[PDB]
Amino acid sequence: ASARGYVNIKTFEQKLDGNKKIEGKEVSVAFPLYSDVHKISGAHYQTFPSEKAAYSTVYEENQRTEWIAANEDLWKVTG
Amino acid sequence: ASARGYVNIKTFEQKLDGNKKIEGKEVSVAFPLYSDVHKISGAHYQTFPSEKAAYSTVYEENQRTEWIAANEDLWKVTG
Amino acid sequence: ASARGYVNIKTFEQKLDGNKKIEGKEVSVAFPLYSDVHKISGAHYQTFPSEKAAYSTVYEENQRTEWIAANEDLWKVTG
Amino acid sequence: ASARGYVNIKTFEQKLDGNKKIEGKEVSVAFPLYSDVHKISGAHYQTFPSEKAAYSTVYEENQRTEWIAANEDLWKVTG
Amino acid sequence: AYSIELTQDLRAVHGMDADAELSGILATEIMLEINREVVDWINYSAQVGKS
Amino acid sequence: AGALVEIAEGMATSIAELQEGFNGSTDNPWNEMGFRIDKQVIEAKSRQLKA
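Residue numbers (the UniProt record's numbering), protein chains in the order written: chain C, 2 to 80; chain X, 2 to 80; chain B, 2 to 80; chain D, 2 to 80; chain F, 269 to 319; chain Z, 218 to 268.
Here is the structure:
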């Protein structure tokens with residue numbers, strides 16, 4: 002487990018362009034990893050801490066490059 | 002007729018989620034029925050008073066439980 | 002060519018009603034034409050000057066009544 | 002329905018002349034119609050308000066010219 | 269665009285302002301970039317030497 | 218029986234800080250309160266006798 006805290010980012014999907022979306026993604030982050038690296042701003046989200054991970058997408062103490070690719074994936078634009 | 006006045010609510014639909022809508026509805030309400038119970042807030046409307054019903058959907062002096070169901074249904078989320 | 006300047010207007014497409022769009026329109030305009038008559042306000046655009054026309058739809062020194070109809074065309078409602 | 006109140010006029014018939022009458026008429030009137038036009042005086046009547054029309058013949062919010070013909074027809078002389 | 273919840277606790281723990289620390293890095297950052305600009309025009313606008 | 222207990226708590230200052238569209242967040246408005254002011258109406262009814 003993370004053993005500390007879970008910062009839980011839930012992005013809310015939206016229509017960016019014609020027949021295109023930025024898919025909203027429920028994701029959880031181990032708190033020490035989150036405070037170190039998070040790119041989220043202007044991303045149409047809302048965040049809350051929780052003792053246990055509150056979303057089915059869970060990132061533990063050690064991922065880094067696995068998570069660094071997931072947060073910038075919150076901006077992925079799909080049709 | 003209501004014989005008092007009609008508060009005409011014109012709601013403008015938006016895209017809530019991926020390929021989904023919160024349906025906009027043009028509706029008239031008897032002004033005493035409107036003043037008593039009206040749920041409109043944050044519903045992206047425009048309201049004006051009128052002497053005669055300005056929209057096809059009309060709620061006269063006595064509906065209440067029919068209208069009270071309709072004004073909350075301005076938030077209906079459809080696929 | 003206009004040989005002077007071009008005002009490039011890129012209007013972003015928004016969902017005006019259910020399944021009804023305001024088409025996103027890339028357009029360039031000869032600067033002395035855009036200065037004379039330009040209707041753009043609240044059109045959800047972003048504008049930049051240029052040396053050459055930066056978009057494919059170009060309205061040169063002489064169109065006028067074709068551009069006068071084309072900038073108010075930026076509000077067209079497409080089904 | 003008038004939705005407000007009904008002024009109920011019950012006229013008692015009488016013998017006006019030799020083998021003649023002014024016949025009695027049980028009628029209800031929407032109160033905002035009753036205040037506007039009521040010809041009743043010396044008519045040998047009695048009046049009470051009520052929330053629901055207490056008599057069979059009812060004149061709602063809008064008759065007017067159909068009631069105005071009726072109230073002064075309380076003086077119709079019959080044989 | 270700093271936060272109102274920040275200056276409450278930051279100024280409580282660190283005693284810093286949290287405004288003049290942002291106003292200090294914006295007003296500085298435009299004065300550095302304007303200054304990096306011309307020295308990036310001189311080297312942009314300069315002929316090729318030793319030619 | 219203690220299974221389902223009754224609590225009240227506050228707002229994590231991660232949430233409270235950005236509330237109603239700060240730092241790019243969305244969908245989280247503040248709560249609000251109004252007041253109403255309606256009225257009642259009474260009417261005098263007569264009464265009477267004779268001898």
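Even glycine gets a Cβ: it sits at the ideal position worked out from N, Cα and C.
Next item on the list: Verify the CB distance criterion: does Z/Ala225 have a CB-CB separation below 8 Å to chain C?
Entry: Within the sixth sequence, numbered from 1, the residue matching residue 225 of chain Z stands at position 8. Judged by the 8 Å Cβ criterion, Z/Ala225 is not in contact with chain C.
Checklist line | D/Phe32, enclosing alpha helix (DSSP H) - first and last residue | finding: As a first step, residue 32 of chain D must be located in the fourth sequence, where it is residue number 31. Its alpha helix (DSSP H) spans residues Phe32 to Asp37.
Note to self: Which same chain residues end up closer than 6 Å to X/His45 when comparing Cβ atoms and leaving out the 5 residues on each side of it in sequence?
What the structure shows: Locating residue 45 of chain X in the second sequence gives position 44, where the first residue counts as 1. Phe13, listed in sequence order.
Margin query: Let me confirm a value: X/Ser51 is counted as buried when at least 16 other C-beta atoms fall within 10 Å, else exposed. Which label applies?
Written below: Position 50 of the second sequence holds residue 51 of chain X. Exposed is the call here.
Next item on the list: Can you grab the Cα-Cα spacing for the pair F/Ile272 / C/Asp74, in whole Å?
Entry: In the fifth sequence, counting from the first residue as 1, residue 272 of chain F sits at position 4. In the first sequence, counting from the first residue as 1, residue 74 of chain C sits at position 73. Their Cα atoms are separated by approximately 30 Å.
Next item on the list: Using a Cβ-Cβ cut-off of less than 7 Å, give me the residues of the stretch 57-74 of chain D that come near chain X, in sequence order.
Entry: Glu62
Notebook entry, point to check: How is F/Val307 classed by DSSP in three states: helix, strand or coil?
Noted result: Within the fifth sequence, the letter at position 39 stands for residue 307 of chain F. Of the three classes helix, strand and coil, the one that applies to F/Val307 here is helix, per DSSP.
Next item on the list: At 7 Å on the CB atoms, spell out the chain F contacts of Z/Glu234, in chain order.
Entry: Counting from one through the sixth sequence, the residue named residue 234 of chain Z turns up at place 17. Going along chain F in sequence order, the residues near Z/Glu234 (Cβ under 7 Å) are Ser271 and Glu273.
Notebook entry, point to check: Does the Cβ-Cβ distance between B/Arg65 and B/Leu17 come in under 8 Å?
Noted result: Along the third sequence, read from residue 1 onward, the residue named residue 65 of chain B stands at position 64. Along the third sequence, read from residue 1 onward, the residue named residue 17 of chain B stands at position 16. No, they are not a contact pair.
Margin query: Below 8 Å on the Cβ atoms is my contact criterion, and I expect C/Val30 with C/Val8 to pass it. Report the Cβ-Cβ distance as a whole number of Å.
Written below: For the purposes of this step, residue 30 of chain C is identified with residue 29 of the first sequence, where counting begins at 1. For the purposes of this step, residue 8 of chain C is identified with residue 7 of the first sequence, where counting begins at 1. Confirmed, Cβ separation roughly 5 Å.
Check: Which residue spans inside the stretch 27-76 of chain X form an unbroken beta strand (DSSP E) run of at least 3?
Finding: 27-31, 46-51 and 58-60
Next item on the list: Indicate the three-state DSSP secondary structure (helix, strand or coil) for Z/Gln236 in the structure shown.
Entry: What you label residue 236 of chain Z is simply residue 19 of the sixth sequence in a count that begins at 1. In this structure, Z/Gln236 counts as coil in the three-state DSSP scheme.
Note to self: Whole angstroms are fine: how far does the CA of C/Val78 sit from the CA of B/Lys26?
What the structure shows: Within the third sequence, residue 26 of chain B is the residue found at index 25, counting from 1. Within the first sequence, residue 78 of chain C is the residue found at index 77, counting from 1. In a straight line, the C-alpha of B/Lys26 is about 20 Å away from that of C/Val78.
Note to self: According to DSSP, simplified to helix, strand and coil, what is X/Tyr7?
What the structure shows: Within the second sequence, numbered from 1, the residue matching residue 7 of chain X stands at position 6. Reduced to three states, the DSSP call for X/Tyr7 is strand.
Margin query: Which residues of the stretch 14-37 of chain C have a Cβ closer than 9 Å to any Cβ of chain B? Give them in chain order.
Written below: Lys16, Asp18 and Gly19
Next item on the list: With distances taken Cα to Cα, identify the nearest neighbour of B/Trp68 among B/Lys53, B/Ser42, B/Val28 and B/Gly43.
Entry: Numbered from its first residue, the third sequence carries residue 68 of chain B at position 67. Among B/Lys53, B/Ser42, B/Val28 and B/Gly43, the Cα nearest to that of B/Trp68 belongs to B/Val28.
Check: How is the beta strand (DSSP E) around B/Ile23 delimited, first residue to last?
Finding: Within the third sequence, residue 23 of chain B is the residue found at index 22, counting from 1. It spans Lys21 to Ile23 - the beta strand (DSSP E) in which B/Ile23 sits, taken as one unbroken run.
Notebook entry, point to check: Taking Cβ-Cβ distances below 7 Å as the criterion, which residues of the stretch 234-255 of chain Z are in contact with chain G?
Noted result: Considering every chain present, this structure includes no chain G. Its protein chains are C, X, B, D, F and Z.
Next item on the list: Measure from the C-beta of C/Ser42 to each C-beta in chain Z and report whether the shortest distance is under 8 Å.
Entry: Numbered from its first residue, the first sequence carries residue 42 of chain C at position 41. Yes - at least one Cβ of chain Z is within 8 Å of the one on C/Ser42.
Check: By the 10 Å Cβ neighbour count, where 16 or more other Cβ atoms means buried, how is B/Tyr60 classified, buried or exposed?
Finding: Stepping through the third sequence from its first residue, residue 60 of chain B is reached at position 59. Its Cβ being crowded by 16 or more others within 10 Å, B/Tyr60 is buried.
Check: DSSP three-state call for F/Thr275: helix, strand or coil?
Finding: For the purposes of this step, residue 275 of chain F is taken as residue 7 along the fifth sequence, with counting starting at 1. Correct three-state label for F/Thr275: helix.
Note to self: What does the alpha-carbon distance come out to for the pair D/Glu62 and D/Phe32?
What the structure shows: Within the fourth sequence, numbered from 1, the residue matching residue 62 of chain D stands at position 61. Within the fourth sequence, numbered from 1, the residue matching residue 32 of chain D stands at position 31. Rounded to the nearest angstrom, the two C-alpha atoms are 8 Å apart.
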